[PDB]
Structure formats: structure tokens, C-alpha cells
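Engineer: Chains as they are written, first to last, in the authors' numbering: chain M, 202 to 724; chain N, 202 to 724; chain D, 202 to 724.
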Amino acid sequence: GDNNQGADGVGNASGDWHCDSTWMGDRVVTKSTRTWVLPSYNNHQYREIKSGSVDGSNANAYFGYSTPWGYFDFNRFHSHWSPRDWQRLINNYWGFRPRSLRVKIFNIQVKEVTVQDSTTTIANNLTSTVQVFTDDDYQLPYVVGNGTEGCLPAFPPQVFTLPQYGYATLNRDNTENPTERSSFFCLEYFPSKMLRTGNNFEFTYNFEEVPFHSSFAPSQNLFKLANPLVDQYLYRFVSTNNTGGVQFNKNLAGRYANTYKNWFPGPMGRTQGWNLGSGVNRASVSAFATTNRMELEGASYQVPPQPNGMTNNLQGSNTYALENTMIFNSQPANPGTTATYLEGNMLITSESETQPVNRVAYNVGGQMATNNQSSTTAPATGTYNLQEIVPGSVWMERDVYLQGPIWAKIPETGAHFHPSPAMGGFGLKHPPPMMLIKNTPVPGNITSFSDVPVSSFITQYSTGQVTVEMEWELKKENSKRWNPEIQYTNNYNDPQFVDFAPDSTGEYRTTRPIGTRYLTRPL
Amino acid sequence: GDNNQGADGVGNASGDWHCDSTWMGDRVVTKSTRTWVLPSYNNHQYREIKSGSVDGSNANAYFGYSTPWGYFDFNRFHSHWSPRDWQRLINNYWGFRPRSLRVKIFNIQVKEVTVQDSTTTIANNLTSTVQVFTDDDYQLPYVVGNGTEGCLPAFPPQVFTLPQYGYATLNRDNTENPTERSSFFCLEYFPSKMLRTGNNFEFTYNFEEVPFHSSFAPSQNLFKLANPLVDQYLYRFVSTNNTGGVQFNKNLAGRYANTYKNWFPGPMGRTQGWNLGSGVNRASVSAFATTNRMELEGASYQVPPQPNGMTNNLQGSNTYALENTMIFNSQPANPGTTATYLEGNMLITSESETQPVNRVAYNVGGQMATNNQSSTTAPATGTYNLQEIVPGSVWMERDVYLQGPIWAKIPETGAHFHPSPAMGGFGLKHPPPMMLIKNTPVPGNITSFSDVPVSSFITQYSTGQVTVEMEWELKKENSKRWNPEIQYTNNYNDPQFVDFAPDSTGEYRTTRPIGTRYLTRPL
Amino acid sequence: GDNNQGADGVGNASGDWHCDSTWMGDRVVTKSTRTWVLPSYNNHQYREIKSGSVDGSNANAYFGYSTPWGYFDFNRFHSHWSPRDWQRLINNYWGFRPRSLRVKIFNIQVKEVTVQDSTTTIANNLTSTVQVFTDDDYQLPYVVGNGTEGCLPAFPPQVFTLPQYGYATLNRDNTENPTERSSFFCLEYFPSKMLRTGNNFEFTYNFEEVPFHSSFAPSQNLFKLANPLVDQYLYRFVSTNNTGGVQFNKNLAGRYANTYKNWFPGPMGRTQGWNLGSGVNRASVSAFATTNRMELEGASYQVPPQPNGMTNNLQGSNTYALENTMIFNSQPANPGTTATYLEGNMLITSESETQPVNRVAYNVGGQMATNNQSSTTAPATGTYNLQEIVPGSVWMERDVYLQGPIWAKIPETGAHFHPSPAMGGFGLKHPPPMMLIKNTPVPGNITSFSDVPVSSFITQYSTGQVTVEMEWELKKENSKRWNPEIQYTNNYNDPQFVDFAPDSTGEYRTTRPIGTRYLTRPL
């Protein structure tokens, strides 16, 4: 529907502001509207950008292009959810997955800016247009889901300027030079709707069927599943007698160190533990030397989210694995800042509620036998710092936060194992199409003919609202637990301000992250 | 209906001006139209406002937020009524209660203001929009009915600038700091119609059924109801003889001091009487020490309208209870003025026409027995300065003036007794929804991408008409009184100007208040 | 329905065990089943019980009867609700009221006990019967709703022995003797179903329409409703000049001490504040002298819950009014214990979340003017320690806890004001009928005829299950609050045991009470 048009042109608003969320039965539809600004990027020119090795690491070298096109990136959880609608969701529901998405761009306004002797006057033109297209065949580079800035703001009245679309193609021998395989994508070679100041643009996309997210934290350890009362009928090798010969004992009662296990913990790589809080770390360490680095194409890349199947923090201990965690800033910072931020500013993720099913990151994975015994040689063992997928493994996927990304696109290749993102969210084969938008160029005064293209443009920018409404599917809590569970509560000891709400300057404050795992489930 | 649209856009007026009132049968429909201006508040930012104790009273401390949104407050009686239509109403009718309400916002005009070296030129833009929504679920703070400024003007040609929407939530220990319970309401999280310069907005609301107001003043004292001619069959204790023993007498003829009463006066707290006019008050009194102050949450708050059931002034005497009355100014003053106004400027309410049924505020309530007699001890009594609701009480509600508020919202809690406002008017559970309106932000020139939200806006304001038409239900005069009643008359001894009409400057003059109680009724 | 009967007799269970709760849409149906034991009371005899003044208070004197009948008292909140189903209810819902009730008694088992030389063998008889009737005309004394022991247990496996039915009628001159008005009710004069060991008994009752309970805590102070930004058009009396004469000032901005108030706080009596926690109370105080005592019929009775409209505790302060509060024990104690319990054992209610709308109990109510000024005498005031219902009052009803009573019966008299119980819950005119049950007497060996009734009985008792299923109606949360609310969470710092769950002895543990007010609402 959504039709109520007296006329189409100036003096007729293109669409209403719908920001509210609606909880109906299990499923919830969360509407959001924001106001955006699109600068004129690159003075309406494609350009190649390339970098050598910066900071003595040749993995920092790339070759790519910076287009004029800006793009709507609505991918984070807090764009669609208010902290009270994210408190309802995580407290009484076990899981949620999205279903449909509908986006609309309306109230386009195209301003001109003219500087005569530093007056810099701004007066709109009603004739000029803007170009929007959504890429639904996935035939561009998809930079949306990689957890980079430019998302719809947390708090509705904030106006946000759109990111610039660029991409990094193949480079030659870890330098800035290209190859024969490095491709150039011209964004204006697609068909794209052109929208003058009276027109609007809207789009609809239904998601593929993905597994529910898990909002629950297990209620049992993974190795403790068996009941403590009755002993197993299975026997274990215990020791050996004076003569070479074997002796067996019974697996008895609630003794869980030695009992027969069906299911096994997830993978782990080992990461370095670093004590926050009360401290006593080592002094004057440069971490870039000792970080975990997977080496691809000849260069050493860090992978600072680690693959799924581990927990950084251990149940309220102060020791974290900072190479395994997801760190956020309490407030948006300036682009390109090198400032050194102490712990107190950051929002530091803790996975500690997954510890029953997951192996801790900064502890060894286990041990195995390193030799074959005989009468001469004694049994020996050694600990292993990494293990991988094993038949019969069970692990906990990484949690999704209010500040974290919703989805990611599975790279298109031959094969993949268990496509879930390391950062978090819903690994998708066909993610919501990427919506790009650009100001059409309006040339300045040119008195003559020349075959070299026009380099003199009228400097302009545009603005107007965008609405994004999604439909989430939820899975209700069936639990029979007798005693009260843990809920996300608003407690603050002696507040000087309310959290998740403006300061006296007008600045939106977020003190602490919010995860989805509170409800407890018997594994 | 209300349709006559050639096209929708600039060059087509959104609606007609209807200011007239229509008397049909009993019920009257009073239409009113005004012109408003909406500044850009807080430079389009939410902000927290908080105050400590000012003037040595910790009840003045609050914590709250100041939103960009302005709101239409049409709640006062003289917005809808002209002094001649308020003279008709009160003279020949016993009571009135509202029925329906329909509001319309049209002819929106959005001006830009630009300052280049102090030129401050003003030129409208046709593209920009304004956001209106009416809150019909009562899920915001309702600040309308509390008797604060910003109402539609008395006299139609006056243009009025809209109030700013803010609210005071919970604070911690009578300081400026917040609590865990103090809530933040984001107004842009509701769906709201966006209106460009050709669009209009209209709304309809029917009131719940409330009791008629009482425009009549009783014709009999409450204790004098019995007829003076025939004596009662009931006997009274008079005295006691030499021996201990009781003697009775008959309640005889028109002697009203001692007779059996069915019904009793309303509540009273005792307030201080202060002589206006001929004077002889005490000298150099600071009243804030001795005022009546109910203490809530640990702090002492004044309640300068007193609860219903008392009369300040006593029948043309000069002694008033100024803690019980409703004081107005003869002319609108500047916001935030500390000037000291003498009596002559003020319009000072008098409740003296309710004195038969109501107990005077500055007199003691009565007396009761303070001891049990015996042969040793004589009967004693003492006077009480406060009494409350009693089975079989009858009191007169406070009157509604032309300058006074129409309604109020009953706070949503567990329980309430007899919901009528202390200030006056019609206590409502679901008051007319609160209509909020805001200028959408239009950002200035921004050349670059940054994730910190846009702080540079184009400074603009908007203007246009609003019409509010209500439907009142009236109750006709049935009285059989023989001699002429009192009417509200325009008498002025030697006028230098006409009252309720402009001065030579153009300024609207109101000399004296107008109440609703003139018609007399036999109790 | 509920029919699946192969045969009716021994060897056929009379009914299934249904203990689960079902959340459907808004309304929830909570089924509960327990196992009871009914002793043989008074050796099957009615008896008069009477007491003089005990502990030097003649209000302790009563005259009444102790019947053989035991009664099912299922009235407390935790009989029907599990702590996790009471956590769901209070967290996301604004209010709840019951609708229907259906009770069933099944699996009756009648045991005999015989003592031959202290062997005390127990062997059931299949022939003997039990008598159940429900009193639906309210023509007995109703002792259920007064908050006395004998309720269905908290934790299902607990077996509970039924209370004895007795009642206290009128006594003469505060002594043990009766009057001519003191009535005797014979319970066996009603028709009553007789149930042998194969029979079952079931009953259905729909509640009258009562107001929703309020599970919300206000978001604003009551006197702070007006917005801080715009000042009132109303003026206040401030001071007086050298000559007798009055001076007025404007009510300006966010200054809430002096502003015109529509609505007023609830009633209060003043109660004594007593510091818990960090202490510094007075030493060696006997409280029975100074407690608040309403005097009825000549004797002084304490009323240790105070009438509605006050808050004992003030926002996390340690000072409580212990004459205003609801105190529970963390564990069921022995009947008739005089032991002195320190603070640490008790669960001490706090009303502090109602403090915006309610006046604190241990603070003075306010002040009023005590004299009429003149040139000779200065204005004076005094504080009042009690106030009552006033036109335009709003107060918060007392909260309902998990351990507290559900309802109460409005005494049948001429009149009542605002029937809500002081203890808590839902004041009902026709409460759920009172279900009484008794073992029929089986006489022992009697060889001869005598006209004096049989005094020699076979000593027996009976046992079997009872199920009580109610249907609650709920009111969903509509709130638009932006920041997270307060939820009831399971937090415990360094637990030695889990709360609301058995100890190593088997004993059910409850550390702390649970109220219904968490969700916040803008008054």
C-alpha cells in the first residue's frame, strides 16, 4: 500500500516517518527512519587508490578504486533496535532470525553551494537529480558486511553522512602494482533509478532460511552430562602391576574426570591472555610481534576475531584473551585517529557464558601421547596449543551484541565449511542487496567545445530520509526451570547520568555492551 | 468533508480560516484558528537539563530532558470562546461539558535564515518538511494540563510561538542526579506524519463522558435547608441540673444554630487570610516560611491552589486567602521575570459565591470535645484547623474562568478519590492527545565522511495556521425564580477604554476575570 | 471434560497430577497440585474456646468455637506461581487480575491408627468416608483471607496438614463471656458431599470484575508533572511591603516548590521510623507502648499494616517504618513460637518504588496555618501528623508479593470506602467459596444402649491430592521508554547455594521477597 499522493512534485512529502517497533505473537517488525547527507565524492570521478607497505607490514599493501558512489549500510543491530526492544528480545526469547526487509528513500533535497569571496552560500536547486540502484545480482564487490563504519546511527535524531564505496582488488607480489586479474567495476554500467526532488525509491527483499540464533547459555557442563548418582558400566585402564600387565577399575559415581564422553568441545587456537582490571601484565610489550597471524599469499595477516569455538574470558576472572575478543568504543571517534585508548574507554566483550561448551582461548587444549612405551621407556605426553574440527564436536557460536553486525556474505568460491561469521551474526549466501546512491554531475559554465571531458562541475550535495523495516522471527522460551533466571537489568550504583540516553551536551551515551545470552537452557 | 482541492502543492491554500462560533439548540460548536511560529529548538538536539536546590528549597531540584519538539497547547477557556460567547454561556445556562474535538494544521511555510556579515536575510525553501504527530496512547509525559504558558492567544490576530517540550523525571535524593528508574523518552521513536509546504494534517477526538460543570450558585445555606415555620420533632440536650442529670429541649421554629442536619460541608485545610484593598496586613512578611506545604519524597512542596471544598473570599469582604486562590496577570509578561507585582496589576479570583456550601478557608473548621467529663472535670473543647472527607459531605467544585485551564489528566496510578482538578476544569482519564511538531534538520555543507554525527545545520523555522474546533454540550436553565437574577454585565464607571479589546498601541486589554457562577439555584 | 474412568472404586486413580502453567496470549492459566493430610480434630467434637486478656491487653480477649472441620486455604501468591513464572509476570506486564478458578479433590485415602501396648500400627480402611462442602452463599464466618497459615506449600513435593476451622464471635465487655448476639454456626447443617476412597470432588468459580493490579512504578514525581522549560501564567503571593500590602511574583521555569498543583498525595498516618542495617536506633525500647493503635469497642488494637497511601522505606535509605511494613520469615516456623528473631532472618518489605505518588510514613504530612494575622500578630503554622482522603487524591496501592495473600473479603456492612485490602491483593465482595472437609466419625465398640451420645471413636486420618487451577488476565506493556528498564534478576554475589531451591537437607530456601513493581510508567 503506502499510497496517499495528491500530486508528485515539490510541495508534497514523499513519505511519512515511521520509527516504531511492533511485537506481534512471536515475530516482531522493527521500523527505523534516519536522515542522511551525501557529499560529492572525488568531484564526480573514479580514481585508483593504492598503498605500499605501511608500518613495516607488507600485508597492508592493496590496489583498488574509490568511486563517487555512497552506499547505505544499515548493518548493525542497534540501527533497528532500541535498548528497551533489545532488552525484551534477549530476556524472554531463546532465538531470533530475520525474515523480510523493505527499504525506502524519500524526501530527496539537492543543495547547491557557491563560494564568491568566501561567502559560501547554500541554495537548493529543484531540477537536479540523484541516482539510486540496489545491486541484487551480487556482481559487485560486497563491502557491507565486514564491520566498517557508516551504519545508521544508534539514536534516531542523529544525522549521518554516507560512506564512500571503494574496493581492494588483486595486487602483484605484495606491492601496490596491479595484475592481469585485477578487475575494474564501473558502477554506472548498471541500470539505476534517477530521482528528482519529488520522487521516492523503495525496495523489498526476503531472506533465505537460516538457523535461529541462540540466545541461551547452557545450564550444564559438556563433560558433566552424566548423572552423579549411578556409576557407569564401563571400565577404565588405571595402572599396571609389577609384571607387565594391565589393571582396570570401574567408572564410579559422580567422578567426571574419568568417564566415557560422547561429545567433545569445539576447535581452538591458543591466544594470549591479558589481565584487565587489577592488572599485573608484563610491561612495555608491543603486541604486533606475538599476535596470532594466518599467512595468506605470502604475507602475515592478523585475524583479531578468532574462529568460533572458544571463550576469551573465564567466568568473572579478570584475564581476557584480547586477540579473541570484540572491542568497541563507548562513543564514535574521528576518522583516522591514532590516539591510544586505555581500557576504561572501551566496551570489551566477554564470552564467559559459553564456557561450559567452549574451551578457553588462553589455556592449552589438552595433551596426547608422544611415545610408544616398552619395558625400557616410560609413557610420555605433551600439550597441544591448537586443535580443529573433530567428529562429534559441539561448540557455541559467537554472540551478537547491540553494537555488532547483523550478517555477512559467504565468499563465492568452490567450498566452505560451516558458514558462520567469526565476528558474529548470520552468514548469508545472498545478503540484502547493496544500495548505492550518487549525485549526478551538473557541469559549470563551459563556453567552447573540447573533446577532453568536462572537469568543471557545480559543487552540490543532497539529503533526505531513509527507512528500513525488517521482520524478525522469534522462538519462545519453553523452559521449566524452577528458580529465577538472570535478566538484563538497568542497575547502576550511584548514577551521574542515565545510560543509553543523551548527555547535557546532546551526546548519546553507551556505557556497556549488551549480549543475547541470559536465558539458561539444560544443554 | 472539507474537500476543495484543485491540486496539492505550492499555489494551493491548504485550508480556509474558520474562527466563528455556532449556537444550535443546547449544544455549541466553537471553531478557532490561529497563526503559529516554531523556532528551531536546541539546534535539533535532545539535551538533559537538571537543577539543584535554588532559593534554598530542595524541592526545586529536578532531572529531565529538553527536546526539540514544540507542542500545541490549546488548553485554556479563552482560546475557544470570545468574551461575548462566554457571556451568553454563563448567563442563561446551568452547565456545560465538551463532547468532540477536531484539529487541523495547514498552510505550512518553512523559512530559511542566513547571516553573511550580519545581513540575516530570510528566504523560504519549498522542499523542506515538518513532522507532526499526536500522541493518542498516552505513553509520553503529559505536560499539557498543568496550567503553563504557550496556549492559543486570547485575541485571534495575535501570532504565538510554540512552547518547547520537556519533562522532569525522577531524581536521586532531592539532588540533580538521576536514578535507575529515571526514564528517557525519545519522541522520534513514534510514527509521525511529515508535511511539506503543500500538505496539511488533521485529527479527531471524542471525549469521555464527564459530569456537567456547575454554572449555578446555590440559593440557600446548607445548614438552613429546613423551613423556618414549623419546628422539628427532635429534641436536643440543653443543660444539666443540680444533681447530675440531663435536661432536654425542643428544636423550635427557625432557630438554625441547633437543629438536626442531614448533610455536611466539604473538606478544609486552613489557609492564611490576607487583607486586600483597604489593607492593614502585617508589615514585612516573607510568606514562603508560613505557607501550607505538603511534604512528599522528603521535600516540602507548596500547593498554592488548595484542594476543593473551600472558599477564599467571604461575600464582598476584603480579606482573601491568597494560598487558596487563582491569580492571573492582566497582560502576558516576559518569560523568566522576577519583577514584584502589586495587587493592582493582578486578576484575583473570588470563590465567594460558593460560600453557602463551602467552609471559609481562613476560619477554623469547627470544634470537638477534648475530654470526658465527670463530677470532678468540666467539659472542654478545642478547634480543629483541618478536616477531610466525611460520609454525607457536599461541596462546590472550583469554578472555571475565561482565563483558566479546561481539563487535566488523572495521573495513572493504582487509585484516586474523586478526580477533579484543584485548579479547575474537567478531570479526564484520556485527555485530548498531545500534538507535537518539529522542523526536520537540513544539514549544511559537509565535504567529508565522519562517523561522528553531523553538527552543522541550516538554521530554519516554520509557520502556518492551526484550527481547533470543539463541540460543547449544555444544560438549559429550568429555574422558576420570580425576581431577576444576576447577569454578567459590561458596566464600567467612566471608561477610558473598552475592556476586552485593543488599546491604542494594539495591545489586547483584560481588566477583570469572568467566572461561570451567576445563575442561582435552590441548592 | 476430564473423563477417563474404567470403573469407579479402589484400583482406579481418581485424577491425574497437573502442576504446569500455560502462557497463552495475554492470559495465563496456572495449575497446581498438592498432597494434604487431615488430622482428626477435637476427637470429632465442637468446642467453645475463649480467652481473657493475655499480655496485659484486653483486646486479646475473644469468645469462639473450634470445629472439627479443616479447610483448604490456597490463598497466597506462591501457591499458584513458580519463581520463574512470577519473574516473567512482573518483568514484562503492567497488570494482572484473576478470572476463573476450578478446584478438584481426588485420591482420598482414609487410614486407621491403632495402639495396642504402644505399637501404633497404621492400616487403612476402604469403607470409611470424608465430607467435603464448599460454602458459596458466604453464610459462615470467612477466615480465609486474613493472612494466616495453612496455605498450599511453596514447593510442590511438600505435604501440608490442613488448618482447623474456628471463629471468634462477639464477647461481652472485653472479657471471655458471650453476649446475646454471639452466634453459633454448626457446619454440619449444610449439605455436604460424602466421598469414599474411590470418589472425587470438583468445583468451579468465576471471579467478579475487579481492577487490574498495577505492576508499574511511576516515572515522575507527582508534584513535578509540569515541564521545566516554560513558566506558568499563574502568580503567587510572595511577601508584603512596609505598609500592609501584598506583593506577587510569577511562577517561573522549573521551580517546583512553588507552582500550582492539580493533584495531591494520598492519606497518611504517621508511623515510627526504625533504622535497619547500619543501625543507631534507641536502646531497650518496648514497642507495644508507642505503636499506632486504633481503638474499637473500648479496647486498643494495633493495626500493623497501615492503610494504603504511604511508603515505609525511602529510596534505598536504611530507615524503615516497621509499623507500616509487611514482614515475612525466610522459612516456616513452629506453631506457637515465642522466639525472638533478629533482622537477618526476616524478609522485610520495602515500598520505596511508590515514593513519587506516596507520602513517607515516618515524616510529617505537611503544615497549615494556625492563626489569623493582623498588624499585631505574625503568621504562624504547625505540622500535622495525620491527614485523610481529599478531593483530588492519588495514591499507590500496596504491592503484592510472591509470599503475600491474593485476595480478601469485604466485610458485609452498610457501607465501605474504596475496598482494597491493607495487606494487599484484590478486595472482593464474593471471594472464592470456602472449602471445608472433615473425617466422618466411625464409632468404636459399644455393647449397650445409652442416650448420652457416643464418646468412643476409632482414631483415623485421611490424605490425598488437591488441584487448584486459576485463570489470570494480563495487561501488556505498551511503554515507549528508550533506555533499559529494571528487571528482576537472579544476581547473588558468591553464592553458597541457589536461592528458591532445596538445601542439602531437603529444605526449600527463600532468601528475599519478590514484588511486582519493576516496569516504569510516566505517571
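Beta carbons are placed, not taken as given, at the ideal position from N, Cα and C, and that holds for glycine.
Which residue wins for smallest C-alpha separation from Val311 (chain D), given the options D:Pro299, D:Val699 and D:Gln332?
Structural biologist: What you label residue 311 (chain D) is simply residue 110 of the third sequence in a count that begins at 1. For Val311 (chain D), the nearest C-alpha among the options comes from D:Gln332.
Engineer: Could you check how far apart the C-beta atoms of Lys305 (chain D) and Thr668 (chain D) are, in whole angstroms? I think they sit under 8 Å.
Structural biologist: As a position in the third sequence, residue 305 (chain D) is number 104, starting the count at 1. As a position in the third sequence, residue 668 (chain D) is number 467, starting the count at 1. The pair is a contact, with the Cβ atoms about 5 Å apart (cut-off 8 Å).
Engineer: Answer with yes or no whether the minimum CB distance from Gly567 (chain N) to chain D is below 8 Å.
Structural biologist: Here residue 567 (chain N) corresponds to residue number 366 of the second sequence, with the count starting at 1. So no, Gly567 (chain N) is outside the interface.
Engineer: Three or more beta-carbon pairs under 8 Å between the stretch 507-527 of chain N and the stretch 592-599 of chain D, yes or no?
Structural biologist: Yes, the stretch 507-527 of chain N is in contact with the stretch 592-599 of chain D.
Engineer: Going along chain D, which residues have a C-beta under 7 Å from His617 (chain N)?
Structural biologist: Locating residue 617 (chain N) in the second sequence gives position 416, counting from the first residue. The contacting residues are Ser594 and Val595.
Engineer: At a cut-off of 7 Å, is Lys630 (chain M) close to the ligand ADP when judged by its beta-carbon and the heavy atoms of the ligand?
Structural biologist: For the ligand ADP, the structure offers nothing, since it holds no ligand at all.
Engineer: Just to confirm, is the Cβ distance from residue 795 (chain M) to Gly545 (chain M) under 8 Å?
Structural biologist: The first residue shown for chain M is 202 and the last is 724, placing residue 795 (chain M) beyond what the model contains.
Engineer: Put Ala522 (chain M) into one of helix, strand or coil per three-state DSSP.
Structural biologist: By 1-based counting over the first sequence, the position of residue 522 (chain M) is 321. Note: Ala522 (chain M) maps to strand in three-state DSSP.
Engineer: Quick one: complete beta strand (DSSP E) runs, 3+ long, within the stretch 315-373 of chain N?
Structural biologist: The qualifying runs are 322-325, 331-336, 360-362 and 365-370.
Engineer: DSSP state of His617 (chain N), grouped into three classes?
Structural biologist: Within the second sequence, residue 617 (chain N) is the residue found at index 416, counting from 1. Three-state DSSP puts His617 (chain N) in a strand.
Engineer: Can you confirm whether the stretch 469-482 of chain M touches the stretch 602-615 of chain M when touching is taken to mean that 3 or more C-beta pairs between the two stretches lie within less than 8 Å?
Structural biologist: Touching, no.
Engineer: Please report the straight-line C-alpha distance between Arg300 (chain N) and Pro412 (chain N), rounded to a whole angstrom.
Structural biologist: Locating residue 300 (chain N) in the second sequence gives position 99, counting from the first residue. Locating residue 412 (chain N) in the second sequence gives position 211, counting from the first residue. Cα to Cα, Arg300 (chain N) sits roughly 11 Å from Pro412 (chain N).
Engineer: Answer with buried or exposed for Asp374 (chain M), where buried requires no fewer than 16 other C-beta atoms within 10 angstroms of its C-beta.
Structural biologist: Position 173 of the first sequence holds residue 374 (chain M). When all chains shown are included, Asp374 (chain M) counts as exposed.
Engineer: Quick one: what's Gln588 (chain M) bridged to in DSSP?
Structural biologist: One-based indexing of the first sequence puts residue 588 (chain M) at position 387. DSSP, once it has assigned bridges, lists M:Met469 as partnering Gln588 (chain M).
Engineer: Is the stretch 494-504 of chain N in contact with the stretch 453-468 of chain D, if contact means three or more CB pairs nearer than 8 Å?
Structural biologist: Contact holds: three or more Cβ-Cβ distances are below 8 Å.
Engineer: Between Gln473 (chain D) and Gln516 (chain D), how many whole angstroms is the CB-CB distance? I'm expecting something under 8 Å.
Structural biologist: One-based indexing of the third sequence puts residue 473 (chain D) at position 272. One-based indexing of the third sequence puts residue 516 (chain D) at position 315. In fact, because the Cβ distance is near 19 Å, the residues do not count as touching under 8 Å.
Engineer: Checking the sheet assignment: what are the DSSP bridge partners for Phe698 (chain M)?
Structural biologist: Taking the first residue of the first sequence as position 1, residue 698 (chain M) is located at position 497. Paired residue(s): none; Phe698 (chain M) is not in a bridge.
Engineer: Apart from the five residues on each side of it in sequence, which residues of its chain come closer than 6 Å, Cβ to Cβ, to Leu371 (chain N)?
Structural biologist: Against the second sequence, residue 371 (chain N) aligns to sequence position 170. Excluding positions up to five away in sequence, the list reads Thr380, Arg382 and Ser383.
Engineer: How many angstroms separate the CA atom of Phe449 (chain N) from the CA atom of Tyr461 (chain N)?
Structural biologist: Translated into positions along the second sequence, residue 449 (chain N) becomes position 248. Translated into positions along the second sequence, residue 461 (chain N) becomes position 260. Straight-line Cα distance between these residues: approximately 14 Å.
Engineer: Should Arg437 (chain M) be labelled buried (16 or more other beta-carbon atoms within 10 Å of its own) or exposed?
Structural biologist: As a working mapping, residue 437 (chain M) is identified with position 236 in the first sequence. Exposed, because fewer than 16 other Cβ atoms sit within 10 Å of the Cβ of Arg437 (chain M).
Engineer: Report the residues of the stretch 680-696 of chain M with a CB closer than 9 Å to any CB of chain D, ordered along the chain.
Structural biologist: For the stretch 680-696 of chain M, which is checked against every Cβ of chain D, the residues closer than 9 Å are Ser680, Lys681, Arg682, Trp683, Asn684, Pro685, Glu686, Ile687, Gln688, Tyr689, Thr690, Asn691 and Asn692.
Engineer: Are any of the Cβ atoms in chain N nearer than 8 Å to that of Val411 (chain D)?
Structural biologist: The residue you call residue 411 (chain D) lines up with position 210 of the third sequence. Judged by the 8 Å Cβ criterion, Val411 (chain D) is not in contact with chain N.
Engineer: Pick from M:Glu598, M:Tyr563, M:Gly207 and M:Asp600: whose alpha carbon is nearest that of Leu587 (chain M)?
Structural biologist: Counting from 1 along the first sequence, the entry for residue 587 (chain M) is found at position 386. Closest option to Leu587 (chain M), Cα to Cα, is M:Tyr563.
Engineer: Straight-line CA distance for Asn261 (chain N) to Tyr502 (chain N)?
Structural biologist: The residue given as residue 261 (chain N) occupies position 60 in the second sequence. The residue given as residue 502 (chain N) occupies position 301 in the second sequence. Distance between the alpha carbons of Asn261 (chain N) and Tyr502 (chain N): 9 Å.
Engineer: What first and last residue would you give for the beta strand (DSSP E) that runs through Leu629 (chain N)?
Structural biologist: Taking the second sequence and counting its residues from 1, the one referred to as residue 629 (chain N) is at position 428. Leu629 (chain N) -> beta strand (DSSP E) spans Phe627 to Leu629.
Engineer: Going by the CB atoms, is the gap between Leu341 (chain M) and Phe404 (chain M) shorter than 8 Å?
Structural biologist: Against the first sequence, residue 404 (chain M) aligns to sequence position 203. Against the first sequence, residue 341 (chain M) aligns to sequence position 140. Against a cut-off of 8 Å, the Cβ pair of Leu341 (chain M) and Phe404 (chain M) comes out as no contact.
Engineer: Which same chain residues end up closer than 6 Å to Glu674 (chain N) when comparing Cβ atoms and leaving out the 5 residues on each side of it in sequence?
Structural biologist: By one-based count along the second sequence, residue 674 (chain N) stands at place 473. Cβ neighbours of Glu674 (chain N) beyond the five flanking positions: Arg228, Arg298 and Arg300.
Engineer: Does the Cβ-Cβ distance between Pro714 (chain D) and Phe529 (chain D) come in under 8 Å?
Structural biologist: Numbered from 1 along the third sequence, position 513 holds the residue referred to as residue 714 (chain D). Numbered from 1 along the third sequence, position 328 holds the residue referred to as residue 529 (chain D). Closer than 8 Å, so yes.
Engineer: Which one of D:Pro654, D:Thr648, D:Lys639 and D:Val655 has the shortest CA to CA distance from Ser663 (chain D)?
Structural biologist: Locating residue 663 (chain D) in the third sequence gives position 462, where the first residue counts as 1. Measuring from the Cα of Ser663 (chain D), the nearest candidate turns out to be D:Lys639.
Engineer: Could you tell me how far apart the beta carbons of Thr512 (chain M) and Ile549 (chain M) are, in whole angstroms, since I believe they sit closer than 8 Å?
Structural biologist: By 1-based counting over the first sequence, the position of residue 512 (chain M) is 311. By 1-based counting over the first sequence, the position of residue 549 (chain M) is 348. About 14 Å; that fails the 8 Å criterion.
Engineer: Using the DSSP secondary-structure output, state which residues sit across from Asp274 (chain N) in a beta bridge.
Structural biologist: The sequence position of residue 274 (chain N) within the second sequence is 73, counting from 1. DSSP lists N:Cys352 as partners of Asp274 (chain N).
Engineer: Among residues of its own chain, excluding the 5 on either side of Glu598 (chain M), which ones have a beta-carbon nearer than 7 Å to its beta-carbon?
Structural biologist: The count along the first sequence starts at 1 and reaches residue 598 (chain M) at position 397. Cβ neighbours of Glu598 (chain M) beyond the five flanking positions: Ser415, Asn509 and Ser621.
Engineer: By how many angstroms is the C-alpha of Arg483 (chain N) removed from the C-alpha of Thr577 (chain D)?
Structural biologist: By 1-based counting over the third sequence, the position of residue 577 (chain D) is 376. By 1-based counting over the second sequence, the position of residue 483 (chain N) is 282. Their backbone Cα atoms lie some 7 Å apart in a straight line.
Engineer: Excluding the five sequence neighbours on either side, which residues of its own chain have a C-beta within less than 8 Å of the C-beta of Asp337 (chain M), listed in chain order?
Structural biologist: Sequence index remark: in the first sequence, residue 337 (chain M) carries index 136 (1-based). Correct list, in chain order: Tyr406 and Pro634.
Engineer: What number of angstroms, rounded off, separates the C-alpha of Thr571 (chain N) from the C-alpha of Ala570 (chain D)?
Structural biologist: Your numbering for residue 571 (chain N) matches position 370 in the second sequence. Your numbering for residue 570 (chain D) matches position 369 in the third sequence. Straight-line Cα distance between these residues: approximately 21 Å.
Engineer: According to a CB-to-CB cut-off of less than 8 Å, which residues of the stretch 428-441 of chain D neighbour chain N?
Structural biologist: From the stretch 428-441 of chain D, only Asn428, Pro429, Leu430, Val431, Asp432, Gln433, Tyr434, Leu435, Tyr436, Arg437, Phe438, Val439, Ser440 and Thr441 have a Cβ closer than 8 Å to chain N.
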